[PDB]
Amino acid sequence: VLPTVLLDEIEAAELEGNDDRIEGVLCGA
Amino acid sequence: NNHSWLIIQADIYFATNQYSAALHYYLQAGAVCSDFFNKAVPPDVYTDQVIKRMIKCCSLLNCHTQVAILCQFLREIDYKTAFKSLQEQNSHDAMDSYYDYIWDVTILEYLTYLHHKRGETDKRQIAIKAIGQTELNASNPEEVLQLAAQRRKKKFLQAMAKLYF
Amino acid sequence: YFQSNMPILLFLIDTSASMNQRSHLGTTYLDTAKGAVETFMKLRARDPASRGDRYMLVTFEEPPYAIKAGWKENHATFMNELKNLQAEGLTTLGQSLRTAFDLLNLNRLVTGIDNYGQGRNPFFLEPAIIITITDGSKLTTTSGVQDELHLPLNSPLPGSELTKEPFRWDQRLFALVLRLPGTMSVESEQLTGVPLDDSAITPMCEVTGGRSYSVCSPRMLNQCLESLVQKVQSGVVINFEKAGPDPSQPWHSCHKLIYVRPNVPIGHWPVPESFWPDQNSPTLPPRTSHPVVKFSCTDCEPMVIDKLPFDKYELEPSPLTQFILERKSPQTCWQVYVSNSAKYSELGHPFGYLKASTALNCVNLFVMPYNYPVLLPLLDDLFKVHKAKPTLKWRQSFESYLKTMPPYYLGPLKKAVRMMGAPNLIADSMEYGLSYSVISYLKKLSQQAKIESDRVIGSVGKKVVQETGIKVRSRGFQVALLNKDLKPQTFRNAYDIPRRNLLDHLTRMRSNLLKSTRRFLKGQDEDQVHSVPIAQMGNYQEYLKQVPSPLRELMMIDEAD
């Protein structure tokens, strides 16, 4: 959830196939 | 010069709802026991009840700053009555000329707030000057504050004596 | 992510009329307070870290005018507002303290720094201290005198119910109570410590993790200001409590501060919540602003694995630190608990420990994962036995640990195990701490907080006119009063000319009108000009710019070099 890892984490969570994990990282981003 | 009988007369006049005479005889009773207020009036004479009755006498006569001053005479200063009376604007006493007899800094803080709230800037500056006396500083030694209170007490009571008799 | 390197210095200057009392210095209490703020900043400026300090000013006035310098108000505005404070109101200490804390907590819900329902993050901090300068005079309202300090609850902030106190984790309240007498005190200038004040502000100060200062001498004033400058630290106040029997004392309960060191503070593990999360709760339980942290004086072993991310927070000096450094056991640690953080256990599982440093100079809190004595052996065996290739028994034990593991730790645990080198250890799923209703409520609170922050920040300018009137009684119409903005344009308005000055000023305006041939047609000379503010009176650096440049050719201050 780092400023330089916010997009990367939310993109890896999107690519993992979890439809709910992206929403958690979206708030942090 | 029997102060007990003077207090009885004052109480009679108070129950009959004639408060100028009641204040007259209460001040006479206080004057007897203190050589015209040159000494402190004994607590057994000016009890909290007698002081409350003089406060009600002053309120009913629309002498509201005198109510504020007399509220300081109690063992526990009655801010409720003092603040309620200072809010009044039909005062029949000298008002700002009586602020010299206030030694409580809380009463003067209220007076400053009240005059600022009403744009009465001259009286506000009088109250602020009254607060700014080093004699009245609340963190002074207790003997200095007691003496300040006592001399203001004597001066106020002699002024009331001249006013009422 | 969060800037803890820009501390907020909120000054709650008492502007009640009781601050017009005069000291032996000949200055008022308010003058002493303004000088105290100026001295505080002069002392603070010696520290190179003082850059980026946010200075704020709140007073005892009503909320529209209480805030003089809030967010997005520059230093010059702060100085101008401080210089012009006037003590003309009532001692509304509780209301002004409430407004000050609301100002501090204005943007907390917008930026999610509180991390509600998702664990308490010591690195999610916006460190502020409120230095309230006042006297010991009794609290007042229009009705009467308040013998005790009570913060009002009316007009609650959106989301204020989520924390059951107005003050927050990273906020401390310090009181500078001026007891300077009007007479030159005969006491010598003793080098003793500053006394705690006995006014109604001292309990609130102590509860917040700060303290009150009683001042009755300029030397004492300097001493308190120096100690206050030393107390500007980035950290969060922890309510440390003792659990179990001894191994009614000062070190049994303490509202100490743990330091958080940036570089942008970095941390992984949150402090546990005081409740077990569930997905069917419509509402989130309220939070204590200082988490009740319980330690067991058992002297356990401080187990650590090599690659784990562990957060270390240095405790400030306190009787608990004195006790730990006096027993002299730097190789052992006291396990640390949060009550009701577990599914069933009242005391809950440990999440960290107090371990004294090697030199026995400081005590540090080591924030571990939840129920770390069970997780850490398993986490070590993951990389030592099968090299992040989990077995059936290990996965079963890990899941069993997960049953006691609160969902708000899932994100930090996922990040930790990922940076060890086992990204695929757990299901990549959203944390189950919060219900949909709770998250929707949180987002609604964020929007409401954004709107309220926008309104409050735009309201600090005091863009209003005082009621310049005398309400005339019958036994509507009012009598006006002089204002600051009605500068007399005596040339442009004939009503501003006094009778005694009528003829000469008539001559002056006549000359100004007719003799303007190849001259200047300005307003009134000697008023619009030569009545400049004193700050701009001798600004020669700015003045020289408006003049054409010349031709090139090749004790502190006295208005120039």
# chains A, B, ... in the order shown; residues from 1 in each chain; ligands from 1
$ closest_atom_pairs --of "chain B" --to "chain C" --cutoff "12 Å" --atoms "only C-alpha atoms" --output "JSON lines"
{"residue": "B:76", "atom": "CA", "partner": "C:145", "partner_atom": "CA", "distance": 11.8}
{"residue": "B:77", "atom": "CA", "partner": "C:145", "partner_atom": "CA", "distance": 10.1}
{"residue": "B:78", "atom": "CA", "partner": "C:144", "partner_atom": "CA", "distance": 8.7}
{"residue": "B:79", "atom": "CA", "partner": "C:144", "partner_atom": "CA", "distance": 5.6}
{"residue": "B:80", "atom": "CA", "partner": "C:144", "partner_atom": "CA", "distance": 5.0}
{"residue": "B:81", "atom": "CA", "partner": "C:144", "partner_atom": "CA", "distance": 8.5}
{"residue": "B:82", "atom": "CA", "partner": "C:144", "partner_atom": "CA", "distance": 8.7}
{"residue": "B:83", "atom": "CA", "partner": "C:144", "partner_atom": "CA", "distance": 6.6}
{"residue": "B:84", "atom": "CA", "partner": "C:143", "partner_atom": "CA", "distance": 7.5}
{"residue": "B:85", "atom": "CA", "partner": "C:143", "partner_atom": "CA", "distance": 11.1}
{"residue": "B:86", "atom": "CA", "partner": "C:142", "partner_atom": "CA", "distance": 10.7}
{"residue": "B:87", "atom": "CA", "partner": "C:142", "partner_atom": "CA", "distance": 9.2}
{"residue": "B:88", "atom": "CA", "partner": "C:473", "partner_atom": "CA", "distance": 11.7}
{"residue": "B:89", "atom": "CA", "partner": "C:473", "partner_atom": "CA", "distance": 8.9}
{"residue": "B:90", "atom": "CA", "partner": "C:475", "partner_atom": "CA", "distance": 8.5}
{"residue": "B:91", "atom": "CA", "partner": "C:475", "partner_atom": "CA", "distance": 12.0}
{"residue": "B:103", "atom": "CA", "partner": "C:21", "partner_atom": "CA", "distance": 11.9}
{"residue": "B:104", "atom": "CA", "partner": "C:18", "partner_atom": "CA", "distance": 10.1}
{"residue": "B:105", "atom": "CA", "partner": "C:18", "partner_atom": "CA", "distance": 6.3}
{"residue": "B:106", "atom": "CA", "partner": "C:18", "partner_atom": "CA", "distance": 7.0}
{"residue": "B:107", "atom": "CA", "partner": "C:18", "partner_atom": "CA", "distance": 9.5}
{"residue": "B:108", "atom": "CA", "partner": "C:18", "partner_atom": "CA", "distance": 7.7}
{"residue": "B:109", "atom": "CA", "partner": "C:17", "partner_atom": "CA", "distance": 4.7}
{"residue": "B:110", "atom": "CA", "partner": "C:90", "partner_atom": "CA", "distance": 6.6}
{"residue": "B:111", "atom": "CA", "partner": "C:17", "partner_atom": "CA", "distance": 8.9}
{"residue": "B:112", "atom": "CA", "partner": "C:88", "partner_atom": "CA", "distance": 6.0}
{"residue": "B:113", "atom": "CA", "partner": "C:89", "partner_atom": "CA", "distance": 4.7}
{"residue": "B:114", "atom": "CA", "partner": "C:89", "partner_atom": "CA", "distance": 8.3}
{"residue": "B:115", "atom": "CA", "partner": "C:88", "partner_atom": "CA", "distance": 9.0}
{"residue": "B:116", "atom": "CA", "partner": "C:88", "partner_atom": "CA", "distance": 6.7}
{"residue": "B:117", "atom": "CA", "partner": "C:89", "partner_atom": "CA", "distance": 8.6}
{"residue": "B:118", "atom": "CA", "partner": "C:470", "partner_atom": "CA", "distance": 6.5}
{"residue": "B:119", "atom": "CA", "partner": "C:470", "partner_atom": "CA", "distance": 6.6}
{"residue": "B:120", "atom": "CA", "partner": "C:470", "partner_atom": "CA", "distance": 8.0}
{"residue": "B:121", "atom": "CA", "partner": "C:481", "partner_atom": "CA", "distance": 9.5}
{"residue": "B:122", "atom": "CA", "partner": "C:481", "partner_atom": "CA", "distance": 11.8}
{"residue": "B:124", "atom": "CA", "partner": "C:88", "partner_atom": "CA", "distance": 8.4}
{"residue": "B:125", "atom": "CA", "partner": "C:88", "partner_atom": "CA", "distance": 9.8}
{"residue": "B:126", "atom": "CA", "partner": "C:20", "partner_atom": "CA", "distance": 11.8}
{"residue": "B:127", "atom": "CA", "partner": "C:17", "partner_atom": "CA", "distance": 9.1}
{"residue": "B:128", "atom": "CA", "partner": "C:20", "partner_atom": "CA", "distance": 6.5}
{"residue": "B:129", "atom": "CA", "partner": "C:20", "partner_atom": "CA", "distance": 8.2}
{"residue": "B:130", "atom": "CA", "partner": "C:21", "partner_atom": "CA", "distance": 8.8}
{"residue": "B:131", "atom": "CA", "partner": "C:21", "partner_atom": "CA", "distance": 5.4}
{"residue": "B:132", "atom": "CA", "partner": "C:21", "partner_atom": "CA", "distance": 4.5}
{"residue": "B:133", "atom": "CA", "partner": "C:22", "partner_atom": "CA", "distance": 6.3}
{"residue": "B:134", "atom": "CA", "partner": "C:182", "partner_atom": "CA", "distance": 4.2}
{"residue": "B:135", "atom": "CA", "partner": "C:182", "partner_atom": "CA", "distance": 6.5}
{"residue": "B:136", "atom": "CA", "partner": "C:21", "partner_atom": "CA", "distance": 7.7}
{"residue": "B:137", "atom": "CA", "partner": "C:182", "partner_atom": "CA", "distance": 5.6}
{"residue": "B:138", "atom": "CA", "partner": "C:181", "partner_atom": "CA", "distance": 7.4}
{"residue": "B:139", "atom": "CA", "partner": "C:181", "partner_atom": "CA", "distance": 5.0}
{"residue": "B:140", "atom": "CA", "partner": "C:181", "partner_atom": "CA", "distance": 4.7}
{"residue": "B:141", "atom": "CA", "partner": "C:181", "partner_atom": "CA", "distance": 7.8}
{"residue": "B:142", "atom": "CA", "partner": "C:181", "partner_atom": "CA", "distance": 10.8}
{"residue": "B:144", "atom": "CA", "partner": "C:183", "partner_atom": "CA", "distance": 9.6}
{"residue": "B:145", "atom": "CA", "partner": "C:182", "partner_atom": "CA", "distance": 10.7}
$ closest_atom_pairs --of "chain A" --to "chain C" --cutoff "9 Å" --atoms "only C-alpha atoms" --output "JSON lines"
{"residue": "A:1", "atom": "CA", "partner": "C:415", "partner_atom": "CA", "distance": 8.7}
{"residue": "A:2", "atom": "CA", "partner": "C:1", "partner_atom": "CA", "distance": 7.0}
{"residue": "A:3", "atom": "CA", "partner": "C:1", "partner_atom": "CA", "distance": 6.2}
{"residue": "A:13", "atom": "CA", "partner": "C:428", "partner_atom": "CA", "distance": 7.0}
{"residue": "A:16", "atom": "CA", "partner": "C:428", "partner_atom": "CA", "distance": 7.4}
{"residue": "A:17", "atom": "CA", "partner": "C:428", "partner_atom": "CA", "distance": 8.8}
{"residue": "A:18", "atom": "CA", "partner": "C:429", "partner_atom": "CA", "distance": 6.4}
{"residue": "A:19", "atom": "CA", "partner": "C:429", "partner_atom": "CA", "distance": 8.4}
{"residue": "A:20", "atom": "CA", "partner": "C:430", "partner_atom": "CA", "distance": 5.6}
{"residue": "A:21", "atom": "CA", "partner": "C:430", "partner_atom": "CA", "distance": 4.5}
{"residue": "A:22", "atom": "CA", "partner": "C:430", "partner_atom": "CA", "distance": 7.8}
{"residue": "A:23", "atom": "CA", "partner": "C:430", "partner_atom": "CA", "distance": 7.5}
{"residue": "A:24", "atom": "CA", "partner": "C:430", "partner_atom": "CA", "distance": 5.8}
{"residue": "A:25", "atom": "CA", "partner": "C:430", "partner_atom": "CA", "distance": 8.5}
{"residue": "A:27", "atom": "CA", "partner": "C:112", "partner_atom": "CA", "distance": 9.0}
{"residue": "A:28", "atom": "CA", "partner": "C:112", "partner_atom": "CA", "distance": 8.9}
$ write_last_selection --atoms "N, CA and C atoms" --output "PDB file, in the first residue's frame"
ATOM      1  N   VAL A   1       0.834  -1.195   0.000  1.00  0.00           N
ATOM      2  CA  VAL A   1       0.000   0.000   0.000  1.00  0.00           C
ATOM      3  C   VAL A   1       0.872   1.250   0.000  1.00  0.00           C
ATOM      4  N   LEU A   2       2.099   1.107  -0.495  1.00  0.00           N
ATOM      5  CA  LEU A   2       3.016   2.227  -0.576  1.00  0.00           C
ATOM      6  C   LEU A   2       2.589   3.176  -1.694  1.00  0.00           C
ATOM      7  N   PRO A   3       3.006   4.446  -1.620  1.00  0.00           N
ATOM      8  CA  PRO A   3       2.687   5.387  -2.712  1.00  0.00           C
ATOM      9  C   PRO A   3       3.233   4.962  -4.066  1.00  0.00           C
ATOM     10  N   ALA A  13      -3.565  -7.484  -7.539  1.00  0.00           N
ATOM     11  CA  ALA A  13      -4.832  -7.962  -6.992  1.00  0.00           C
ATOM     12  C   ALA A  13      -5.915  -8.079  -8.059  1.00  0.00           C
ATOM     13  N   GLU A  16      -4.994 -11.240 -10.088  1.00  0.00           N
ATOM     14  CA  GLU A  16      -5.124 -12.491  -9.348  1.00  0.00           C
ATOM     15  C   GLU A  16      -6.486 -13.153  -9.533  1.00  0.00           C
ATOM     16  N   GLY A  17      -7.479 -12.422 -10.033  1.00  0.00           N
ATOM     17  CA  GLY A  17      -8.806 -12.964 -10.228  1.00  0.00           C
ATOM     18  C   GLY A  17      -9.767 -12.750  -9.082  1.00  0.00           C
ATOM     19  N   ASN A  18      -9.395 -11.946  -8.090  1.00  0.00           N
ATOM     20  CA  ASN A  18     -10.261 -11.647  -6.958  1.00  0.00           C
ATOM     21  C   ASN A  18     -11.067 -10.388  -7.256  1.00  0.00           C
ATOM     22  N   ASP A  19     -12.391 -10.528  -7.301  1.00  0.00           N
ATOM     23  CA  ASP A  19     -13.263  -9.396  -7.586  1.00  0.00           C
ATOM     24  C   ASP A  19     -13.454  -8.477  -6.386  1.00  0.00           C
ATOM     25  N   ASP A  20     -13.020  -8.889  -5.192  1.00  0.00           N
ATOM     26  CA  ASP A  20     -13.156  -8.072  -3.996  1.00  0.00           C
ATOM     27  C   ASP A  20     -11.848  -7.466  -3.510  1.00  0.00           C
ATOM     28  N   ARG A  21     -10.700  -8.039  -3.884  1.00  0.00           N
ATOM     29  CA  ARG A  21      -9.413  -7.533  -3.413  1.00  0.00           C
ATOM     30  C   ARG A  21      -9.094  -6.157  -3.983  1.00  0.00           C
ATOM     31  N   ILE A  22      -9.570  -5.866  -5.198  1.00  0.00           N
ATOM     32  CA  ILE A  22      -9.296  -4.578  -5.834  1.00  0.00           C
ATOM     33  C   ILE A  22      -9.930  -3.440  -5.045  1.00  0.00           C
ATOM     34  N   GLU A  23     -11.139  -3.666  -4.515  1.00  0.00           N
ATOM     35  CA  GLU A  23     -11.845  -2.629  -3.765  1.00  0.00           C
ATOM     36  C   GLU A  23     -11.100  -2.237  -2.495  1.00  0.00           C
ATOM     37  N   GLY A  24     -10.404  -3.185  -1.864  1.00  0.00           N
ATOM     38  CA  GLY A  24      -9.645  -2.860  -0.668  1.00  0.00           C
ATOM     39  C   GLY A  24      -8.443  -1.986  -0.970  1.00  0.00           C
ATOM     40  N   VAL A  25      -7.722  -2.301  -2.049  1.00  0.00           N
ATOM     41  CA  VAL A  25      -6.554  -1.520  -2.437  1.00  0.00           C
ATOM     42  C   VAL A  25      -6.951  -0.174  -3.030  1.00  0.00           C
ATOM     43  N   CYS A  27      -9.195   1.977  -1.895  1.00  0.00           N
ATOM     44  CA  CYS A  27      -9.261   2.960  -0.816  1.00  0.00           C
ATOM     45  C   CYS A  27      -7.869   3.454  -0.439  1.00  0.00           C
ATOM     46  N   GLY A  28      -6.909   2.530  -0.324  1.00  0.00           N
ATOM     47  CA  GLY A  28      -5.538   2.917  -0.030  1.00  0.00           C
ATOM     48  C   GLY A  28      -4.926   3.778  -1.119  1.00  0.00           C
TER      49      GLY A  28
END
$ atom_distance --atom1 "CA of residue 71 in chain B" --atom2 "CA of residue 12 in chain B"
22.2 Å
$ atom_distance --atom1 "CA of residue 312 in chain C" --atom2 "CA of residue 166 in chain C"
27.6 Å
$ atom_distance --atom1 "CA of residue 75 in chain C" --atom2 "CA of residue 52 in chain C"
10.6 Å
$ select_by_dssp --residues "range 302-427 of chain C" --states "strand (DSSP E)" --output "VMD selection string"
chain C and resid 311 to 314 333 to 338 350 to 356 363 to 367
$ select_by_dssp --residues "chain A" --states "alpha helix (DSSP H)" --output "ChimeraX atom specification"
/A:6-15,21-28
